[PDB]
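Let's start with one chain on its own, the form solved without ligand AMP, as C-alpha cells.
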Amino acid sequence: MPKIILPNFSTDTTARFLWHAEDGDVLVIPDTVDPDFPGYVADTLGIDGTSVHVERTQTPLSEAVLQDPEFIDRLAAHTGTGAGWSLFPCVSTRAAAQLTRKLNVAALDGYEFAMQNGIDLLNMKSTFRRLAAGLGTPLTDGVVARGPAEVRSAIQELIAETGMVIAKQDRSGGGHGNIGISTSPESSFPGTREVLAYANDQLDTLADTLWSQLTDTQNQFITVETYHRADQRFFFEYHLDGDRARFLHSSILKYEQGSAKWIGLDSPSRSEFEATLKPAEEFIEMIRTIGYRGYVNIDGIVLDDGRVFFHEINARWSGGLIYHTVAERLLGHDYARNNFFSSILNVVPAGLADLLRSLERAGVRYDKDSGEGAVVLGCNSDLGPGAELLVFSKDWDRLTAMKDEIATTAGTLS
C-alpha cells in the first residue's frame, strides 16, 4: 500500500500533492494545509482520510532536511520496519535515495544514479543542448556560453534569425532566471523575467549584464538561444522504470497577454503527432538508457510552418503531473480520449469552505455523476499567487465557460 509523498523542490503550495494519496500514505509539506483539505480530497477520491497522514516540516525539504535524524525519525514512526512502504519524491536526489536506505523502504529506482546526483546532471540546460545535439533531436540554434565574451559573440550571431534571443540560467525550474533580448522596440517573451533591447554599439554591457545575472559559484554556464514565436507550445511527461518509458500526457502551458506570467495548464495538448512524439520518444529512451528512473518532462514548440523544436527537460515532477493524476483517478486512464482539463492558478485566495461555496454558487463544483466541474488543489498557493483550481469537461467550449463563471464568482487576482 503506502508511500511517502515528498515534494522536495498560511501558504499551502504543497497541499496539491495530497491528490496523489492512497490509503495509508503520508504527505510531507514544508508549509501549511487547510485542516479540512485532506478530508475533502479523500471524499472526492473515495479513500479513507483517517488513514492518510500529513507530516509538517517548518522548512523547505532540502537535502539537509532529508538527512536530518529527527526528520527521519518522524517518517520512520510511520514506516516501521519499512515493509510495504515506498518513497514518492519529486526529485530523485542523493538524500532521497539515502532516505530509502535509512527507512528500509523499497529502494529508490535508479538508486546508484541518484547516489551520484545523476539528476543534477540531467537538469542542466547545457546538458540538454549537448545530449540533444549529439542525438539529433530538433534544437534551436544556440551556445553553451562559458563566459561573457562567449555571450557577446553568441548574441551577435543568434539575434539575426528572428530578431529575438533568450539567455537562460543553467540550473533551476521556471521562467524566472531567463532574460529576453529583442531587436524590436516591443517584447513578447513567455517565460522570461525581463526583455532587454539589443544594441550593436553596447555589446559588452549587455553580455556583462546577462553573465552576472544568470551565474553564481555553482553555475558558470549560460545557455544562449535563438527564440521563436510559437503557434503551439507543449510539453510531454513520462514515467521511466527498468521496463519502459511510458508517455503519460501532453499538456500546454498558458501565459497571460516582455514577461508573460504563467497562468495555467490546458492539457490534452494539440501537438501529439509523429514529428513531436517520435523524436521526443527517442530522446527520453536515451535518458532512460543512461539510467534515470522517475518522472521526466520534455517541452517544445511547433512553428506555424510545422517546424518542431525541443527546449528543455526536467527530471522531476512536472507541475502538471498532479493534474494528470487526478484526471486519471476521477475519469479513468482513458480520460484524454473524451475529456479536457484546465487549471486556474489565479483565483482569489479564500478558505476551503468559501472556495467550494463559490464553485457551487457558480454551478461548477465537481460532480461525480457527470465527471464535470472543478476541484481545489490549493486555497492559498504561490503557484500563480492564489487559489489553484482544476476544471474538467467533456467539451472544450463548456470548459471555457466554467472558467469564466469561476472567475466571475470566485474572483481572480487580475
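Quick note: we count residues from 1 along the sequence shown, nothing fancier. Only residues modelled in both forms are compared. In this text, rigid core is short for the largest set of C-alphas that superpose within 1.5 Å between two forms.
Not pictured, yet referred to below: the form solved in complex with ligand AMP.
J.: Open or blocked: after superimposing the binding-site C-alphas and transferring ligand AMP from its position in the bound PDB entry, do three or more ligand atoms sit within 2.4 angstroms of any backbone or C-beta atom?
T.: Blocked: 3+ ligand atoms clash with backbone or C-beta.
J.: Name the residue from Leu330, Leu248, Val143, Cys90 that puts a heavy atom within 4.5 Å of ligand AMP in the bound PDB entry.
T.: Contact with ligand AMP in the bound PDB entry is made by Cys90 alone.
J.: Go through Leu345, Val28, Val41, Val364 and name the one with a heavy atom inside 4.5 Å of ligand AMP in the bound PDB entry.
T.: After the contact test, the surviving option is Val28.
J.: My question is simply whether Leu355 lines the interface with ligand AMP in the bound PDB entry - judged by any non-hydrogen atom within 4.5 Å.
T.: So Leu355 does not count as contacting ligand AMP.
J.: Would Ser393 sit within 4.5 Å of ligand AMP in the bound PDB entry, counting heavy atoms only?
T.: No, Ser393 stays farther than 4.5 Å from ligand AMP in the bound PDB entry.
J.: Using a 4.5 Å heavy atom cut-off, state whether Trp317 contacts ligand AMP in the bound PDB entry.
T.: Within the cut-off, so yes.
J.: Could you tell me if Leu61 has a non-hydrogen atom within 4.5 Å of ligand AMP in the bound PDB entry?
T.: Flag for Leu61 set to yes.
J.: In the bound PDB entry, which of 90-98, 152-160, 334-342, 287-295 comes within 4.5 Å of ligand AMP (heavy atoms)?
T.: Every other range fails; the passing one is 90-98.
J.: Picking from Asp141, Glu186, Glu161, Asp241, which residue has its CA shift by 2 Å or more between the shown form and the other one, once the rigid core of the two forms is superposed?
T.: That would be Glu186.
J.: Fitted on the core, where are the consecutive stretches (at least 3 residues) whose C-alpha atoms all shift 2 Å or more between the shown form and the other one?
T.: CA shift run, sole hit: 185-187.
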